[PDB]
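K.L.:
How does the following fold in three dimensions:
(chains A, B, C, D and E, ligands or ions: 15)
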Amino acid sequence: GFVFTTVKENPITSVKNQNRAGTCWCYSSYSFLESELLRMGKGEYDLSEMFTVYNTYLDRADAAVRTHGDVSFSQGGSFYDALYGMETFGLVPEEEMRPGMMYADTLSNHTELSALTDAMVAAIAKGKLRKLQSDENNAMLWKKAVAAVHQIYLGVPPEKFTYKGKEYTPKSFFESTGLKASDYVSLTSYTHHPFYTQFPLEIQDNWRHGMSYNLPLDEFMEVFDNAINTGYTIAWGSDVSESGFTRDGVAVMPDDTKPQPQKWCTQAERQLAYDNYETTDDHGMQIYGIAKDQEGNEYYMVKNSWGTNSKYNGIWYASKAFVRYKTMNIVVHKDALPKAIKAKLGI
Amino acid sequence: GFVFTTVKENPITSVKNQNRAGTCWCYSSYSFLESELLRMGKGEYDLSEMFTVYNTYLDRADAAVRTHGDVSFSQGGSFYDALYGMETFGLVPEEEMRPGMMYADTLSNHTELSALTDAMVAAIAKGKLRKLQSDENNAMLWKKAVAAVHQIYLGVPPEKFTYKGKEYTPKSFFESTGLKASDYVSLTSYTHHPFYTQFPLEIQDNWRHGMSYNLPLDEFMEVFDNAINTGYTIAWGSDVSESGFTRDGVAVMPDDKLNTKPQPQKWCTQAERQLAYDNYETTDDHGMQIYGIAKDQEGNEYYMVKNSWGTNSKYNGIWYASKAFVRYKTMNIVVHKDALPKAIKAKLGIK
Amino acid sequence: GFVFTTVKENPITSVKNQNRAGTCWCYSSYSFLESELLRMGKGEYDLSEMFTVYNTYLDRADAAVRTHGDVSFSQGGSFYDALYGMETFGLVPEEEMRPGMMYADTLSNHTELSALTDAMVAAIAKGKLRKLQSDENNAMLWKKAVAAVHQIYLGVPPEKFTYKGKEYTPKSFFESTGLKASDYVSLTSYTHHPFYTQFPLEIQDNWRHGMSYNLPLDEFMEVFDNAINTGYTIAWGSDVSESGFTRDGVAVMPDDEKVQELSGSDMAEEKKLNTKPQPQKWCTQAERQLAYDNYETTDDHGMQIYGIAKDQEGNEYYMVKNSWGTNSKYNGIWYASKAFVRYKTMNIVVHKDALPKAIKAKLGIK
Amino acid sequence: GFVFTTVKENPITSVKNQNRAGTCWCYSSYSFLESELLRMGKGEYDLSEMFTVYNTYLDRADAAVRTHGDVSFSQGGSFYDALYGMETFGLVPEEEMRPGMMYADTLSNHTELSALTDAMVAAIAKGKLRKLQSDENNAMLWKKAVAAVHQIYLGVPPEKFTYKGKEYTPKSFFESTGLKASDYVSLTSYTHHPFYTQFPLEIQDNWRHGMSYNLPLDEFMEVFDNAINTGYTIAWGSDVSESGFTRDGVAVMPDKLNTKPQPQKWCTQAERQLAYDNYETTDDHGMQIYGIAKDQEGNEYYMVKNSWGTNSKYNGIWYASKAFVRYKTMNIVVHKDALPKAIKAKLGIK
Amino acid sequence: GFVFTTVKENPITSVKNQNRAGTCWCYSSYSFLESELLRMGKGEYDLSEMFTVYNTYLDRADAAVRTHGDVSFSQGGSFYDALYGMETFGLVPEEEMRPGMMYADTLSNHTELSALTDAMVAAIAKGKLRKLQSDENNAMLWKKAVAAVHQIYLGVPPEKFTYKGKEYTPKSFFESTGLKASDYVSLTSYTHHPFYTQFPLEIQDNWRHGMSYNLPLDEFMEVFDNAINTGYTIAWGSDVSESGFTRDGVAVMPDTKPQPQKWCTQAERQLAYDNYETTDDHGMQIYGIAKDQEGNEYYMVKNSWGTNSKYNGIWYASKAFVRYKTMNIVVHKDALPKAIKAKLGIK
Ligand SMILES: *CC(=O)[C@H](CC#C)NC(=O)CN
Ligand SMILES: *CC(=O)[C@H](CC#C)NC(=O)CN
Ligand SMILES: *CC(=O)[C@H](CC#C)NC(=O)CN
Ligand SMILES: *CC(=O)[C@H](CC#C)NC(=O)CN
Ligand SMILES: C#CC[C@H](NC(=O)CN)C(C)=O
Ligand SMILES: [K+]
Ligand SMILES: [K+]
Ligand SMILES: [K+]
Ligand SMILES: [K+]
Ligand SMILES: [K+]
Ligand SMILES: [K+]
Ligand SMILES: [K+]
Ligand SMILES: [K+]
Ligand SMILES: [K+]
Ligand SMILES: [K+]
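P.N.:
Residues are numbered from 1 along each chain as shown, chains lettered A, B, ... in the order given. Ligands and ions are numbered 1, 2, ... in the order given. Have a look at this structure:
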């Protein structure tokens, strides 16, 4: 079996449960940002995923309709969706917009909401309508319909609320927190773009076309350990549809249940897996620590959003070889970058 | 050409325009009900079609979902939809729900509303969902979604309103009128059911399965003249997808300038009428109101028909349908009980 | 395990097998009608399901074509299909139309018949034909084709036949039995219609739009015990797509919270939910309505309830005669707990005289 | 009828014919780029549309495969496709890749090529393959197949060629011209983004997500006249699916609608925004505006060089009224120095 | 269990692996042709299946386009495809075109090649194009495209080559071997055609409409034993979608151990062909006769699925199974009994 020993770990919040929704991008983004609030001495927070998920879907439907169905309308998203959301829509506390509250449950189940909204967006974006209807204020009626259905299944967004003695608006609550999206950068490592440049990752959930800095694979992994050792956490978006990532919580990349010698990939081998569909933008998580196994092979400690009903109560151990091979992109505070890597990027 | 002379005509309301919506069933039903209110000395009314159209679509979506997509969800309907609707939902005046008010228009255009709601109902009724979501009051969430989208395109139903100095609810306003759906019967003439019995017409827009009394074809046409001659109007449902039905205001069934001048008409048998209904040649296309009788130069008889396509036609929205066309292409009719002849009424078991 | 002891059960016929066909509505209707003939002192009968199944599909194809595909064309049906069928088409004995006789079998297998007829009806009802062809007597040609294909797979309906020494027609044989469709009523229990009224159940196999009397749930279950205790059987249409409905011959509605409370384990095969008697979930009228509204209770299967039995622990069960053959634990007999029947029943059909007098007065039956 | 009198017009090249293909984006871009070369004193060029069209489709096929079918694979494109293409793939003259040369024709007909390549990309991008094959050098095999089919219908890209006495490569020939994509900016006018900012236009053919500067509608129209009056031409992307846009060579926005001068509908910023939101203004056609003309009644028109050949009333030249351009323009591309100095400060272009 | 004892067997080559492609028709055809060369004193050969598979698909695409999609375009084939192919395209040795050579493998995997070419052929044969493009020499452009894609996944056909000391062309290498397709006949046994006549089997992979001689079932089985006893091997095309066909290396027709087999009549064999119970599934080579422990007869069958099976890729098919599930066979003339051979008129 596996016996792990923590080398260094940073403060995180309680593990949440996305349940039946493709909202891992928002649950992991807020797990990362909540660790940022603890790190900045602002206390522990429980930010509402459903608030940003609601507003993001409204924007994605607009993107799908404007591109006549080119932008797919689905439950997925990115870390930039939350970074854009906090500046554009703001933030609200979890209690204001609770998951499943509208269908008498406590966890998310968006299968029926998707079934209706997918059909609605497709009827507009991929239909034969030649003129979309609007009211006397030039407001689109289909946007009202899509927003109304989303509110019935996710809830009504509050315009004002009281939280811990203070009355807030979604934007003033975001300013209350003091986070700012300008202080966070997205990082990747691929060869179909020049190094030390910015490009938007060609993945379906990046319909906002958020940019990422391109780093060499070895310098890319240097940011991982530097972020943990400096007191930072990592928003980790990676492929988890591999034989090495199991249910138990161990994500390894063995060289073909126990520690085995791992296969350390080249920059070209990593590129081919991204080129041949073997590495896809599947899951978003948070890396908050480093650990070792019995044989000394390294691991990153990962906080998932699948509840606490696992061997390590919702904490997974991803080997450094697995992270080097299957990572799609990461988001960390710019200050977590090493000074040399940070100068190379033109920050 | 045609030169018509009125034999008898009964009071009707102004001609309305259904426009870009399949709501002819409601506009003709309210044209019939408004003439009924005039007939009983209650005055002129302008009832809101969009109110009944809104509530009917909500029920039709429920029928489609309960039957897992068997009941088609479309814009059509029947006269019974309005008779059932006034007793269940009530009535509101036109000013409380106007057509097109929600998309900066004055007439209906339900193409975008249909495109959304059809996709919504299909995602539920014909999808792969095995358990539909509900709140803590056991209210279906999909019904809230379908109702919300309908309100965005058709308007919000009023719960109370002021009309001519008095505050009403849709239920209390219907009671003002004094009409009763029990006092109206649906009549048809086919042979795939026994005569003088009741059966629901097997047409898509009869998803409520409202029943109709079956009469022989000759006795069926007797109700037409008896209703008009005694002072009643007829809610008329007929197939208008024939070469004889023209945009010039006339609807003839000529025997072989077939549609421009009066010609000898083909008077169908009961079997010939049955075949056209069996072989798709007679379908539930259009709903109108028959309110009068007219003659041509050569003495052939016509029914004066009030359409719902506006007034931009040869006779300002009025069609002249020959009795031969009406005998052949009528799907069903709805009249007050007292418009039937006493002998025919006794055969059907009415009181 | 389960140990059942009969409290009261009424005479039934042998258990039949529908096999590979969605004809449970007819087999259960005839299990009910055969029990009615035994109760009325008419003897044992073996009514031909394939005769009624043939004629019902012809009417269902006509409904699909007339409604331009709105009425779905499938193998299902209702109890009213048999009640309407015996008055319209009549009855013939089993030996005159046996299942599988046309493809060298003894049991039904209508997969190929459905594959052809579904495509035929759809080509007419959902096609782009604007005028269907007819002969010089105004008879529809597509109806001849659909009937011809049905006869090739099900057999030719007899116009005359000899049964036990006498020559019959399907109509005259039905009159011999002395049954009358007027003596049977359909009952249901839902809230989307007023109680003590009649409405047609909004289910696909009710394309004939037969009516059912609406009763409160407690009064609805009163007809079950009163019919069995007075000597009548019940045509039972119910949902069987539940975890409690097992292939072992039991149909239960266990309360998961209580079973896990009585379990030694916390809330976080071995649960034994359906293998032994457990505390049942006694649904409310609203809980029953929600399951019908949210697709959790659907018109799946038609069976016959003919008796009442209790287990070792005294819980009540309805004895159910299925149409899946006798290769089961109780040889084709199921024990359905009253909680399951109260929760998952779509509708039932019983003789009028099986109703309590008070329930009969509230509905207006004479 | 119409009788137009020119006010000012700038040098253009001969009118070409895109024919069957939906390559208007490349033909109009090269009409614009050829006018830029004349303006900068480099002479006339006849740039190969098929060379850039070939390389653009391979990039679009890769984008469709990477996004699992989200990026649509079709014949369309944008002006940025040519600006990116000349810097990435370079430029070759028309004689090195001619239209229709591979199927014994002289004009483009890409209906069969699209039928094959659309099915190929869809089988990869939207199929059920879970691992795409590659050779020993990690080169994707499907990319070889898509490129091979494109070469069979469009021609083989030259690796070296001789033009006017000197041997060139596609990269070296582009450097000879002296063009730079940095000297060209994309401009639009919409309100769903802040003014004087950059955003990618949400149209299918902008799959590269090229940015455009957002200007108020009145300042947007100021760039049109300033560019023409100072000697520049405009790459004009606009909606042509209107009743006012006729095949006779006129494009009007009437309030005999398109046969005589009539009062025009002067759209607001909101009216222009609504048409873009409700599908009434779509990225349909790319053309080049190179001059200004008169009505009999003094109304203003932009002289437009189309890419539909010369078999029209004005031999492939359109007159677009200033009201039509104000209402139906999606975006334009001009040299930076065609912008007024004040507008350049608001956008921050140096 | 089973214990088999060989009665008589003929020389064969090693078992090969088709791996992941429907090229069993060519691998078995060349197993038959290689055994044909051994009996004729010509030595051992390894003919390239990928060469014939490449050219056969080019002809099948032309057949699909000419019949506007009626002829299906798939990976399957027949024994006549190889007999026609060797006379039309010739023969090349294996190492000049190897499976997987183009995608860094050693065995075939044509799933991606099929996904592309199927879509290409369908776009032409079943599309709405009303005039297909051609060059100046009247050569079809779509044929160039389909051929180019096939070469990218299967390899470039050699036009000249050196083998064993001499330079050959596909003409000349086929002539070197000395085989002639006229010396090979296809045989079947059905009643929907008159006996002792020729008809093309109504199966999808017989799109070339190659003919087969129709024999009564008992005389059909006489050719099996006569071929083995006289020194010939049999190209065996048969249905393998039965419960009796196991991955353990035996093919029985029971009425793991020897059991009494069911002896089908001519009508029972015909019904299975009429009601889809016997379909053209697999092509193999019969090269011998064997007994089990209990003395009932078996045919020794050489498969093309590699050698990781209980009998190292070789199956034992009972004579009752072959009598029931055989679609057609190909043998040399002289493998036929003399009495049957006059009835068919072959001289
Ligand atoms: C006349 C109309 O609008 C409507 C359209 C349909 C279907 N027709 C009917 O409802 C007739 N049943
Ligand atoms: C039980 C059965 O055979 C049939 C299957 C189908 C469809 N179900 C019904 O008829 C439901 N009453
Ligand atoms: C104008 C043209 O050919 C093309 C249409 C297609 C495909 N349009 C564009 O490329 C710009 N939208
Ligand atoms: C045996 C095989 O691979 C192939 C199936 C496919 C595809 N079968 C044939 O080629 C002849 N039936
Ligand atoms: C829908 C869906 C899958 C989904 N993936 C993403 O959102 C992309 N990171 C998820 C977190 O479950
Ligand atoms: K949270
Ligand atoms: K993967
Ligand atoms: K009205
Ligand atoms: K008609
Ligand atoms: K029976
Ligand atoms: K169920
Ligand atoms: K050019
Ligand atoms: K337009
Ligand atoms: K070989
Ligand atoms: K088989």
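
K.L.:
Can you verify my assumption that residue A:19 contacts residue A:111?
P.N.:
No: between residue A:19 and residue A:111 there is no contact under CB atoms under 8 Å: 10.8 Å. From N, CA and C alone the C-beta is placed, and that goes for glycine too.

K.L.:
So which bits of chain A are right by ligand 6?
P.N.:
Proximity of chain A to ligand 6 (CB under 5 Å from the ion) is limited to residues A:30, A:46.

K.L.:
ok and the longest helix belonging to chain A relative to helix D:269-277, angle-wise?
P.N.:
Looking across chain A with DSSP state H, the single longest helix is helix A:49-66. Relative orientation of helix A:49-66 versus helix D:269-277 (axes from the mean of the first three to the mean of the last three CA atoms, to 10 degrees): 90 degrees.

K.L.:
does helix A:49-66 come close to chain D?
P.N.:
Yes: using CB under 8 Å from any CB of the partner chain, helix A:49-66 reaches chain D at A:63, A:66.

K.L.:
what packs against that helix?
P.N.:
Applying 3 or more CB pairs under 8 Å, 6 or more residues apart in numbering or on different chains; DSSP states H and E, we find helix A:49-66 packed against helix A:24-39, helix A:79-88, helix A:111-125, helix A:141-154.

K.L.:
Which parts of chain A are helices?
P.N.:
Applying DSSP H to chain A gives helices spanning A:24-39, A:49-66, A:79-88, A:111-125, A:141-154, A:170-177, A:217-230, A:267-275, A:320-326, A:339-344.

K.L.:
number of nearby residues for residue A:308?
P.N.:
As a burial measure, residue A:308 scores 14 neighbours (other CB atoms under 10 Å in any protein chain shown).

K.L.:
and it, how far is that from ligand 6?
P.N.:
14 Å (CB to the ion, to the nearest Å).

K.L.:
Quick check: chain neighbours aside, which residue is closest to that residue?
P.N.:
residue A:314 (4.5 Å; CB to CB, 6 or more residues apart in numbering or on different chains).

K.L.:
which residues does residue A:3 contact?
P.N.:
Residues counted as contacts of residue A:3 (CB atoms under 8 Å, 6 or more residues apart in numbering or on different chains) are A:293-294.

K.L.:
List phi and psi for it.
P.N.:
phi -130, psi 110 (degrees, to the nearest 10).

K.L.:
Contacts only, for residue A:6.
P.N.:
Shown in contact with residue A:6 (CB under 8 Å, 6+ apart): A:289-291, A:301.

K.L.:
rewinding a little: minimum distance to ligand 14: which of the helices of chain A has it?
P.N.:
Using CB to the ion as the measure, helix A:267-275 is the one of those that comes nearest ligand 14, at 29.5 Å.

K.L.:
Which positions within the closest one qualify as buried?
P.N.:
Residues A:270-275 are the ones in helix A:267-275 that count as buried (16 or more other CB atoms under 10 Å in any protein chain shown).

K.L.:
For residue A:290, list each beta-bridge partner.
P.N.:
Applying DSSP bridges to residue A:290 gives these bridge partners: residue A:8, residue A:300.

K.L.:
I'd assumed residue A:7 was in contact with it.
P.N.:
Yes: with contacts counted by CB under 8 Å, residue A:290 reaches residue A:7, the gap being 4.7 Å.

K.L.:
If you count surrounding residues, which of those two has more?
P.N.:
Higher neighbour count among residue A:290 and residue A:7: residue A:290, with 19 against 15, using other CB under 10 Å.

K.L.:
who touches stretch A:164-173?
P.N.:
By CB under 8 Å, 6+ apart, stretch A:164-173 touches A:51, A:89-93, A:157-163, A:176.

K.L.:
one more time with 6 Å
P.N.:
Identification of contacts with stretch A:164-173 by CB atoms under 6 Å, 6 or more residues apart in numbering or on different chains yields A:90-92, A:160-161.
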